[PDB]
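Right, one structure below, let's go through it.
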Amino acid sequence: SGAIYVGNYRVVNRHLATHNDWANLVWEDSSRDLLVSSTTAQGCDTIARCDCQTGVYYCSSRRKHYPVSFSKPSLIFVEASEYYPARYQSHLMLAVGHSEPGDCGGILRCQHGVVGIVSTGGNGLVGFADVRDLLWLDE
Ligand SMILES: NC(=O)[C@H]1CCCN(C(=O)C2(c3ccnn3C(F)(F)F)CC2)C1
Ligand SMILES: [Zn+2]
């Protein structure tokens with residue numbers, strides 16, 4: 001689990017969104033595994049606006065932050081699970097790292113701020129849903 005809290009927005013994995021998230025919906029995109037809801041309180045996270053390919057992510061199944069090299073946001077096949085029909089997830093970045101059910105929502109960050117959240121795992125791979133192109137999160 002986990003979310004990004006920027007301004008009056010809460011960014012979560014679409015597959016983990018709560019009823020309150022759907023009842024206060026700002027934007028959602030199944031192809032990206034992202035959903036954004038509105039918040040009453042202002043958040044403290046800042047979004048990175050860059051093309052970094054190195055950063056650090058939080059892995060809840062290890063209680064650890066790991067430094068990683070990750071690919072550029074791309075259209076990558078994701079295998080079927082309880083949340084999606086095996087398919088093509090867009091704006092996804094891959095790295096070598098631990099990710100097991102329970103880890104989605106962990107933040108990936110670089111020197112500029114938050115880059116994205118854990119969205120995939122397995123195989124010593126971790127996939128991140130990018131948020132750097134969502135410029136409206138800053139206003
Ligand atoms: N974004 C996706 O399509 C996810 C949806 C869940 C399935 N996805 C996964 O990679 C797996 C999974 C199942 C439960 N949790 N996780 C994860 F992400 F933490 F690793 C490994 C099988 C793709
Ligand atoms: Zn950066």
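Residue numbers in this text run from 1 along the chain shown.
Just so you know, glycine gets a Cβ as well, placed from its N, Cα and C.
Going by Swiss-Prot, these are the annotated features:
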| type | residues | note |
| --- | --- | --- |
| ACT_SITE | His15 | active site, for protease 2A activity |
| ACT_SITE | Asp33 | active site, for protease 2A activity |
| ACT_SITE | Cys104 | active site, for protease 2A activity |
| BINDING | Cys50, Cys52, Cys110, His112 | Zn(2+) 1 binding site |
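Other residues of the same chain near the Zn(2+) 1 site, with their Cβ within 8 Å of the Cβ centroid of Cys50, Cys52, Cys110, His112, are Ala48, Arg49, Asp51, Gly55, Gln111, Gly113, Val115, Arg132. Only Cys52, of the recorded positions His15, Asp33, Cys52, place a Cβ under 6 Å from an atom of ligand 2. With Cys104 (active site, for protease 2A activity) as the anchor, the candidate binding-site residues are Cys50, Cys52, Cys110, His112, and the one with the nearest CA is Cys110.
The CA atom of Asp33 (active site, for protease 2A activity) is located 21 Å away from the CA atom of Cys50 (Zn(2+) 1 binding site). On a Cα basis, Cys110 (Zn(2+) 1 binding site) lies 25 Å away from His15 (active site, for protease 2A activity).
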